[PDB]
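Asks: quick one, structure for this:
(one chain, ligands or ions: 4)
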Amino acid sequence: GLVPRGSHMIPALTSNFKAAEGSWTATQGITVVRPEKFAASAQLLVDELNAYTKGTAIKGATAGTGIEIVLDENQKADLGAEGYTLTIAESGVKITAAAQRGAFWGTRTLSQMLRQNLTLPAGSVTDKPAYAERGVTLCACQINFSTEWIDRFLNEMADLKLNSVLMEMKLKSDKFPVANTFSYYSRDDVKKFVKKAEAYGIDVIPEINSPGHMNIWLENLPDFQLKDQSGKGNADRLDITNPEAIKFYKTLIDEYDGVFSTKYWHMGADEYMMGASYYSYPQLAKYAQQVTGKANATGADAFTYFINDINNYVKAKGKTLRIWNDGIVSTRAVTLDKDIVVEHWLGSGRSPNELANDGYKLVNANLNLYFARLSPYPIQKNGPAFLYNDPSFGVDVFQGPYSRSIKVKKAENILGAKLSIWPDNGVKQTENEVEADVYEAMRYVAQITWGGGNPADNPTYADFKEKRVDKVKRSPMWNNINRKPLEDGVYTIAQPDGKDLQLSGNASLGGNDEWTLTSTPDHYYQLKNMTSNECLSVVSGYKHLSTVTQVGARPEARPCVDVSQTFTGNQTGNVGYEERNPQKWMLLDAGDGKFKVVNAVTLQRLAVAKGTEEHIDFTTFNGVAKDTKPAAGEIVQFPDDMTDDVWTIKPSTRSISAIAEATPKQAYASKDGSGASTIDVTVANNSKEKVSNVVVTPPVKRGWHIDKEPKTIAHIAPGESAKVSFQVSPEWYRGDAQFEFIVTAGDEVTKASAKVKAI
Ligand SMILES: CC(=O)N[C@@H]1[C@@H](O[C@@H]2O[C@H](CO)[C@H](O)[C@H](O)[C@H]2O)[C@H](O)[C@@H](CO)O[C@H]1O
Ligand code: NI
Ligand code: NI
Ligand code: NI
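Replies: Numbers count the residues shown, from 1 in each chain. Ligands and ions are numbered 1, 2, ... in the order given. See the structure here:
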């Protein structure tokens with residue numbers, strides 16, 4: 001049994017679990033009884049129950065015994081839209097709610113209990129959320145999040161009763177293909193994860209940030225860029241005075257409408273000038289004074305007029321507008337509409353307390369809950385303890401100027417709070433690192449937004465962590481991929497029924513070539529070409545946030561580096577990410593030995609170009625025109641929706657194998673040879689036929705005395721091995737030195753490398 005009742009769950013229950021006589025045990029005999037409209041919401045619970053009870057017979061059905069889910073509108077006043085009652089009796093479990101959202105949250109509580117013990121104590125509890133929006137900002141912006149990551153993230157949020165995610169992202173545009181710079185998302189891909197969110201009660205709100213931070217949309221559209229008095233544009237800012245540019249944005253709004261089901265639209269409205277001055281663009285002031293009919297209209301007025309126009313437009317679609325609070329500026333002939341939700345993050349401009357007093361609905365998008373890959377925030381550096389343990393902190397505490405905190409007193413106008421996940425540099429961290437980084441903060445934010453504060457039985461953060469965070473494992477359905485399909489080793493890489501893949505400087509469809517896969521702690525792979533001694537990477541091409549976003553970008557060979565470390569929190573010791581992470585690859589089991597190969601941070605698939613693919617990156621980028629079209633047979637990276645190319649990765653078949661090891665690992669210049677390292681190279685016969693006349697050829701290297709002559713082994717039988725040694729001594733060379741030995745047997749050729757430090 002789980003005793004004390006409900007002391008090991010997140011969020012904690014908001015009222016006490018009343019104990020009753022007896023218990024109830026989940027077995028493979030139970031059923032999840034639920035109405036058909038709730039089938040999709042119950043599927044997660046069904047799958048978890050089968051995981052928990054180590055079987056596969058549990059189903060969701062409209063009749064049966066076990067766990068009953070009842071949706072009863074009559075309970076709307078007592079439970080609200082998200083409250084539930086959980087009842088456990090010897091006879092079974094009953095979850096009651098007024099709507100789907102609340103019943104689902106009930107299944108999360110139930111699952112977390114069964115996650116710890118199959119036998120549950122009898123009793124009942126009513127659980128209700130303190131705030132209506134319990135949120136995350138996910139900037140899938142400029143850089144990309146793999147669809148698998150998002151699917152896992154929806155599971156992460158769902159199990160914690162988080163119900164709101166703002167996803168700043170690019171949806172592949174049908175009408176404006178010239179603006180489809182990667183990152184973008186397939187429409188079907190978004191429909192898929194938006195559908196999962198609907199089943200889990202998660203409100204997915206899209207964001208196209210405007211009228212600033214629009215580099216991703218206007219790079220290839222100079223005519224919609226705001227221009228200086230000298231006529232110079234800048235893809236960062238949309239010309240809000242141009243009619244076709246407003247039409248362009250509004251078309252994007254429409255395009256998003258067909259895949260997002262939310263009632264909200266977030267136009268961003270980060271400060272338009274981004275630190276510049278409106279006077280450098282007098283056509284904004286002139287547009288303002290024309291549209292208001294007032295001569296005293298300012299540039300900030302035009303910014304607010306834009307905000308209001310988009311407000312009316314989304315309102316005509318029955319939607320509600322959302323903006324960041326730093327988009328609320330001082331005006332003259334235009335006043336900001338009041339039916340817009342304000343997400344407050346910056347301690348500047350109109351105070352959040354006065355905004356709430358004036359009727360605005362507020363989200364606490366608190367800067368203390370920020371995550372970034374480039375410059376880590378305090379919550380990453382130190383964990384949430386400095387907030388949890390701060391009794392002057394809570395959902396109702398917003399940030400103010402000069403480090404002051406402001407308690408918004410009209411709490412009823414506070415919708416809730418959210419944490420924020422920003423990239424800033426797409427290669428400093430991988431997405432799987434991000435997924436580890438937010439673990440504690442997701443639980444903390446879930447706790448304070450559902451409960452309205454800390455659990456009463458966890459005085460300090462250390463207690464919350466020991467009794468809850470460390471005890472509540474994730475749902476067994478969180479993980480959705482084989483994180484290490486292939487073990488570390490030597491493999492061949494080729495197309496299904498085609499040539500193999502080779503790489504020296506550039507990569508190409510070669511033939512007869514070995515690779516070495518080395519798994520990484522964040523569940524990626526390093527692919528080392530064992531002939532060229534260089535690693536497959538992606539570093540050359542058009543970029544956003546130091547990450548290659550050019551479609552069709554050309555993988556290339558790069559010096560192999562250390563890929564054994566992963567970095568979260570403070571990222572202590574995180575150097576070399578510019579080479580490390582472009583070298584890392586996700587390998588997705590495609591069945592039958594085939595594998596989708598996706599770069600870890602550019603998130604595009606290793607592909608064989610066809611000569612028939614089209615994209616803007618093939619013709620121009622940011623006003624500068626240059627043709628990069630891949631020809632048929634060229635090796636490239638491609639978004640998921642422009643390729644089915646998978647890759648056959650299989651352990652090597654070669655009949656000969658060579659291994660070279662030196663002794664010592666360090667060598668020093670020597671006139672008697674005492675610092676001379678002897679590199680023993682040993683050849684091994686893998687298959688079943690006597691190999692003869694095996695030639696081992698040593699390398700030749702600047703500043704080293706190496707035995708010049710090759711050695712030959714007369715015979716080696718199947719499953720045997722033979723050994724020959726060459727001596728190396730440095731002269732004026734110092735530092736790391738790779739030694740490549742060539743082994744040739746008949747038509748077959750392989751190499752063996754060794755490393756020696758010259759001191
Ligand atoms: C509201 C806010 O926090 N704004 C700044 C963030 O700017 C975002 O940056 C991403 C890429 O990193 C997109 O370009 C998005 O459009 C921007 O709004 C910034 O990322 C973080 C700090 O890293 O906070 C603000 O500075
Ligand atoms: Ni316990
Ligand atoms: Ni910025
Ligand atoms: Ni992991």
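
Asks: going by C-alpha atoms from here, please, whenever you check contacts or count neighbours.
Replies: OK.

Asks: once you drop chain neighbours, what's closest to whatever residue of the chain ends up closest to ligand 1?
Replies: Residue of the chain nearest ligand 1, by Cα to the nearest ligand atom: residue 424 (3.7 Å). Leaving aside its sequence neighbours, residue 424 sits nearest to residue 374 (Cα to Cα, 6 or more residues apart in numbering; 5.5 Å).

Asks: pretty sure the residue of the chain closest to ligand 1 sits against residue 372.
Replies: Yes. Counting by Cα atoms under 8 Å, residue 424 does reach residue 372; the two are 6.5 Å apart.

Asks: show me the contacts for the residue nearest to residue 424.
Replies: Counting by Cα atoms under 8 Å, 6 or more residues apart in numbering, residue 374 makes contact with 423, 424, 425, 428.

Asks: which parts of the stretch 551-700 of the chain are helices?
Replies: 577-580 (DSSP state H, counting those that start in this stretch).

Asks: can you list the residues of it near ligand 1?
Replies: Residues of the stretch 551-700 of the chain lying near ligand 1 by Cα under 6 Å from any ligand atom: none.

Asks: hey, where'd the strands end up in the stretch 551-700 of the chain?
Replies: 556-559, 584-589, 594-599, 605-608, 620-621, 624-625, 635-638, 647-651, 656-663, 666-667, 677-685, 691-697 (DSSP state E, counting those that start in this stretch).

Asks: mean neighbour count and distance to residue 63 for the ones you listed - can I get that in JSON lines?
Replies: Below are these laid out as JSON lines (neighbours: other Cα atoms under 10 Å; distance: least, Cα to Cα, whole Å):
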{"stretch": "strand 556-559", "mean neighbour count": "20", "distance to residue 63": "59"}
{"stretch": "strand 584-589", "mean neighbour count": "25", "distance to residue 63": "38"}
{"stretch": "strand 594-599", "mean neighbour count": "23", "distance to residue 63": "42"}
{"stretch": "strand 605-608", "mean neighbour count": "26", "distance to residue 63": "46"}
{"stretch": "strand 620-621", "mean neighbour count": "18", "distance to residue 63": "59"}
{"stretch": "strand 624-625", "mean neighbour count": "11", "distance to residue 63": "64"}
{"stretch": "strand 635-638", "mean neighbour count": "25", "distance to residue 63": "48"}
{"stretch": "strand 647-651", "mean neighbour count": "21", "distance to residue 63": "46"}
{"stretch": "strand 656-663", "mean neighbour count": "19", "distance to residue 63": "63"}
{"stretch": "strand 666-667", "mean neighbour count": "21", "distance to residue 63": "73"}
{"stretch": "strand 677-685", "mean neighbour count": "21", "distance to residue 63": "64"}
{"stretch": "strand 691-697", "mean neighbour count": "18", "distance to residue 63": "70"}
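
Asks: how about those strands in a markdown table, adding distance to residue 292?
Replies: Shown next, in a markdown table, are the strands of the stretch 551-700 of the chain (distance: least, Cα to Cα, whole Å):
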| stretch | distance to residue 292 |
| --- | --- |
| strand 556-559 | 55 |
| strand 584-589 | 54 |
| strand 594-599 | 50 |
| strand 605-608 | 50 |
| strand 620-621 | 37 |
| strand 624-625 | 38 |
| strand 635-638 | 47 |
| strand 647-651 | 60 |
| strand 656-663 | 79 |
| strand 666-667 | 78 |
| strand 677-685 | 82 |
| strand 691-697 | 83 |
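
Asks: after the biggest helix by length in the chain, which helix or strand is next?
Replies: The single longest helix within the chain, with elements called by DSSP state H, is helix 299-316. Using DSSP states H and E, the helix or strand that follows helix 299-316 in sequence is strand 320-324.

Asks: can you give the strand pairings for that following strand, parallel or anti for each?
Replies: With DSSP bridges as the test, strand 320-324 is paired with strand 264-268 (parallel), strand 340-344 (parallel).

Asks: in JSON lines: the ones you listed, plus distance to residue 117 and mean neighbour count.
Replies: Below are the strands paired with strand 320-324 laid out as JSON lines (distance: least, Cα to Cα, whole Å; neighbours: other Cα atoms under 10 Å):
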{"stretch": "strand 264-268", "distance to residue 117": "40", "mean neighbour count": "24"}
{"stretch": "strand 340-344", "distance to residue 117": "40", "mean neighbour count": "24"}
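
Asks: show me the contacts for residue 487.
Replies: Per Cα under 8 Å, 6+ apart, neighbours of residue 487: 517, 518, 519.
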